[PDB]
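J.: my complex, part one, positions kept as in the full thing:
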Amino acid sequence: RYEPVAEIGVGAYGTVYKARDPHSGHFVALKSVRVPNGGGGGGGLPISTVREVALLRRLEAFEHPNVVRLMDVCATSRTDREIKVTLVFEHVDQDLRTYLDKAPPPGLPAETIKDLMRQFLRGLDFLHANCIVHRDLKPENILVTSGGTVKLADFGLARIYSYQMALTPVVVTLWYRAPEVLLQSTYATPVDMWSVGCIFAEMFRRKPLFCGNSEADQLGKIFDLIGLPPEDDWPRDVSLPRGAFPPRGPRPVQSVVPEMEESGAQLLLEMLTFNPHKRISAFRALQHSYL
């Protein structure tokens, strides 16, 4: 509504106009800053600039005879733009599996894995806090972004694979499924961690930790690393012929899995331990000095 009759020299305030007040005739340093207003939380003031022109407008009320303000609370032109501004962002499709395919040979930087591990476990703590059930979580349900950010998705068969999927989602070698899955029990903190524990070893190896055929055979491969006892350290919820699994020793996870620092070997062995109550929680592992 103001009428520029001349311009004020260019300074910190860029282009400033000497604009006339059509009512009083007063000339004020017509200034302006380009503005946004948010904000993916929804439109609503940038308040930093609308407020700026408003402070400066407030100075007029003092008439303070040394406060050459921006002429008016308005955030208008003042010829600049528009060319309106708006942003759109790309979704990250960098599947953990893709990460692993892009990843280097056995001995994947433990420090990188530590960070990804603690990100995963941090995510789990949230998921456990929200009682998120997802024993069906597998490597491919883990996202590793371009910034190395672990994002978890696909929380159990109940809300996943609504479109074309695998015909052998279970029949496939379940080297990434907890014994409790293989025993046909349920989901738990130890179940989830057992799954990813092998995945973490996969990350180190760039290659699945275990690989069996049936659920009993899968355990027959699992047992080779974590050790095996007879029918005296098996949970109640067991569909597999517990006691028909000839006992054997463990194989120092530290030496089996590439660059597996002993502290993480311990954490992994705890995650891999057959008995879900002998495993370590996501929180405990997360807070372990290894990470």
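T.: Happy to help now that I have it. Numbers count the residues shown, from 1 in each chain, chains lettered A, B, ... in the order given.
J.: from residue A:265, how far off is the closest residue to residue A:150 other than its chain neighbours?
T.: Excluding its sequence neighbours, the residue lying closest to residue A:150 (C-beta to C-beta, 6 or more residues apart in numbering) is residue A:119, at 3.8 Å. Backbone N, C-alpha and C define where each C-beta goes, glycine included. Using C-beta to C-beta, to the nearest Å, residue A:119 is found at 20 Å from residue A:265.
J.: what residues are up against the residue most central in space within chain A?
T.: The centroid of chain A falls nearest to residue A:151 when counting by C-alpha atoms, centre = their mean (3.4 Å). For residue A:151, the contacting residues are A:92, A:123, A:142, A:143, A:145, by C-beta atoms under 8 Å, 6 or more residues apart in numbering.
J.: and what of residue A:77?
T.: Residue A:77 sits in contact with residue A:32, where contact means C-beta under 8 Å, 6+ apart.
J.: which stretch of helix or strand covers residue A:127?
T.: helix A:110-129 (DSSP states H and E).
J.: hmm, who's touching the helix or strand following that helix?
T.: Next helix or strand after helix A:110-129 toward the C-terminus (DSSP H and E): strand A:142-144. Strand A:142-144 is touched from outside by A:92, A:94-96, A:98-99, A:116, A:120, A:149-153, A:196, A:199, with contacts defined as C-beta under 8 Å, 6+ apart.
J.: throw chain B onto that model:
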Amino acid sequence: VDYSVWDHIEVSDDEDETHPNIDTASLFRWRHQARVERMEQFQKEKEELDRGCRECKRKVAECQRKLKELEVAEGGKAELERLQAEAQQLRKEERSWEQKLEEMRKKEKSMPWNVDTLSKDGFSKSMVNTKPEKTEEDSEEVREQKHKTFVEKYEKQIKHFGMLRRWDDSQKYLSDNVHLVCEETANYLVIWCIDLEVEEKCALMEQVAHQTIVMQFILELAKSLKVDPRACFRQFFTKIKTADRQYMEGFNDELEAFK
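T.: Adding chain B to what we have so far:
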């Protein structure tokens, strides 16, 4: 003084309850599922508890009938005693099913508020503004009434447009005063320029003449585009502010001719 009734609202898509390591695109879907499964389990339990209650109710009701019959029966009072005890057991069972139902009622009281419990579709009525019947009005007859009363009604506002100079002031002015984007406005502005000439206000005349052709410009390509000027006047300001000076001048010459 008491809004505690809304302290327990569950929102499955609560975007303010997220996590950096979690993809909420699927989490929210999980939450939905969980809510549904919980309701299914709840409902099942309630129905089974109600069923059991009613079963024991009927059992004891029939036993009570039989108690009356055993009382009447000549020596059936020995059996009566036995049955009374059994009937009391059935009553106690009924009671315990009801106590469980009372616990279900307590569970309902503790139940989180959501789109399925907070409210129902009280009313819904859609409408698509198709029409208002392909027709046409004689704009000369319209102007006979409009030009005479519209122009006077908005004379001051028409003049305010004529007193503008910046393109955004003109754009935003008409954005607020969209009903001024018409021939009656432009015609007044021409007349006003003439009156300004007579009054020796040539400076104003030229400013108004500028704004005259701005409104005429709007009318010019609105007619070319076969659209209502009020639906596209902002595109004239978009064109003016972006046109290469050489073409802008050309448009202004075409415009002057259009006026």
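J.: same question on the contacts of residue A:77, but with chain B included?
T.: A:32, B:166, B:168 (C-beta atoms under 8 Å, 6 or more residues apart in numbering or on different chains).
J.: tilt between the helix or strand hosting residue B:49 and helix A:110-129?
T.: In this structure, residue B:49 is located in helix B:24-72 according to DSSP H and E. Angle of helix B:24-72 versus helix A:110-129, following axes from the mean of the first three to the mean of the last three C-alpha atoms, to 10 degrees, is 30 degrees.
J.: how distant is helix B:24-72 from the center of its chain?
T.: When distances are taken as C-alpha atoms, centre = their mean, to the nearest Å, helix B:24-72 is centred 40 Å away from the chain's centroid.
J.: which helices and strands does the helix or strand following it pack with?
T.: Using DSSP H and E, the helix or strand that follows helix B:24-72 in sequence is helix B:77-110. Packing contacts for helix B:77-110, counted by 3 or more C-beta pairs under 8 Å, 6 or more residues apart in numbering or on different chains; DSSP states H and E, involve helix B:24-72.
J.: which other helices and strands does the helix it packs on contact?
T.: helix B:77-110.
J.: how big is the angle separating the helix it packs on from helix B:24-72?
T.: Using the same axes, to 10 degrees: helix B:77-110 against helix B:24-72 is 160 degrees.
J.: while you're at it, add chain C from this line:
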Amino acid sequence: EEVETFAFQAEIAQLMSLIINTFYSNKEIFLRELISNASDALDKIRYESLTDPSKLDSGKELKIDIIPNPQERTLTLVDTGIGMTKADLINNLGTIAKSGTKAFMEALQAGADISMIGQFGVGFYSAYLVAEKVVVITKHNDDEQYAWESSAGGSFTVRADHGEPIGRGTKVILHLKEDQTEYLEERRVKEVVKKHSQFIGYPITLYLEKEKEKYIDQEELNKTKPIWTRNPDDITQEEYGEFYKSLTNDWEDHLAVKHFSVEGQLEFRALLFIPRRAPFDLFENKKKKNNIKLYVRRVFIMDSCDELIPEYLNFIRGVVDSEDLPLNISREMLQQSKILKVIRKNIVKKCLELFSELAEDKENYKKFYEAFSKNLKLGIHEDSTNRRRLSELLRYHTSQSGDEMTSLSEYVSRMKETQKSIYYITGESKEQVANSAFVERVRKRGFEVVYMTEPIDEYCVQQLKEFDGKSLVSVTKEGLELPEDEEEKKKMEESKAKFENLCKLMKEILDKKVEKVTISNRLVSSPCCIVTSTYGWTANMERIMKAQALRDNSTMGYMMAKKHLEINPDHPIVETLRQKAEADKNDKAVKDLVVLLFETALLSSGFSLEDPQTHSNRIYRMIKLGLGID
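T.: So, slotting chain C in with the rest:
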């Protein structure tokens, strides 16, 4: 004994100062609170007159009169309510956290259609945010006229008034502070009126000293009436249109309107409106999201659309008027924001229904879609739960269509009995993709493709993985599957062997320019063409993403899709090259040609040209050779 019992106390001297300093932030709300109270009293009259019409003998008119007085720097507000007795003035008016509204609402428990607010019992004192002193003069139907005077200094006085009589109701004199004279401005008053009193049922008038400078009764101050409060079945389109035009100030009426109300623990009425055209500020990040405003009992609380609706629905105009919400002591804020999320969900569902019905109206849908398809696509991109619904609204131009868009389901209805995927092609323009070599064989095989010509389509199609059980496939990527006649398959394998060493040679020539060189029957008129690996950005996605000012270039280590050189073995050029390889694989001129062909293909395939200068320089060379320059 060992315990003493005390009643809770309240230091009014301090409490009062808290009331008129810390309880409120905005101060212009003093008009809202006083007017609200006026309308409560006007409802009190109405109710009472329902039982005894002679109560209207002391004036039969229900309204609020606003009369500014700059000569005194005061503001006179005349409330034509029942009035207050001396007892009410000293009991209710001069008491903190107390309102006769509640007692009246207790009277309303006997059955009424009356709706009032005032559960806090403090709003009166907000007058002292602006006014230095407030005088309340009243004349209850059952009592004498009294003057209630106080500056909120811990006390107030009451005396029977003299001079001008009040039939009923009360007048408020706001002795405005010296720095509060801005509320004597017409504009400022109207600003507040439109801010919070735009739907007051009773007439509010503004008196202005205008032509002869006399108080002119601005009766139209709040002429805007509630529509959602009326029975929708009795509301015509003209009325919905006029409301919309009043709502939005848009000379053009709405495209569609939908009433929506919920009942239960959550209860409200509402009107949703679809505009006929998108605003020039639709993609404006400086636009305030306040298309649908929130009211309680027709009292403006907030315009919190930020939470109320989805961003991709940020074009629908409307009003939501709730019956009972958990407002804070400061009515500008609502407690339990999850309520707004619940409301949102209900609105979204109804918006989707409206869109579906609008889609039934093909002609207006087309108009709608043309204006807001971008928002639809943004919904596909953003909303993972209603995406399916939103995809039903998608419309594209396809090979068997003209310039008429068609749904993906219509595409599906034209799919072949051996077709399990939706063929498509993205690009800058319809003509560009129409002339692509990638859709030539597709057309030769009798297939239709979906033309996708917007940059947003790269984000949209990212989410469009499957539609009605049908997969989707880009003709621009590797692995394009078209019907393979076993005879032709054998011939292609023979061709692969035929041009095997040729492809190897080309790869040697362009080892670091192309990832793989191979023939492909996807090509028809072109001798070669560059395709995008299924992993990473497409030529289009890449180009578009590389136009983003704020992009992070280091992320491209995860997005640089492999480029492969497809060869069309049926061309004389390709055949010649094969023969030239046989003649001399080390022939420089041939190798130069291979390079030229690649860049020609790369460029024409929509991929970035590494060096347009050098490329054109090679051309200039060839031109000079044709010209005989050198």
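J.: in light of the added chain C, please revisit the contacts of residue A:151.
T.: Per C-beta under 8 Å, 6+ apart, neighbours of residue A:151: A:92, A:123, A:142, A:143, A:145, B:21, B:22, B:23.
J.: the third one pairs with what?
T.: Using DSSP bridges, the bridge partners assigned to residue A:142 are residue A:152.
J.: tally of neighbours for it?
T.: 26 (other C-beta atoms under 10 Å in any protein chain shown).
J.: same question for the first one.
T.: Neighbour count for residue A:92, taken as other C-beta under 10 Å: 17.
J.: I figured it was touching residue A:146, is that so?
T.: Yes. Counting by C-beta atoms under 8 Å, residue A:92 does reach residue A:146; the two are 6.4 Å apart.
J.: so is residue A:284 in a helix, a strand, or just coil?
T.: Following DSSP: H, G, I helix; E, B strand; the rest coil, residue A:284 is assigned to helix.
J.: pull the number of nearby residues for it.
T.: By the criterion of other C-beta under 10 Å, residue A:284 has 14 neighbours.
J.: please apply the same query to residue B:99.
T.: 12.
J.: list the contacts for it?
T.: Applying C-beta under 8 Å, 6+ apart, no residues contact residue B:99.
J.: any idea how far the residue nearest to the centre of chain A is from residue C:54?
T.: 73 Å.
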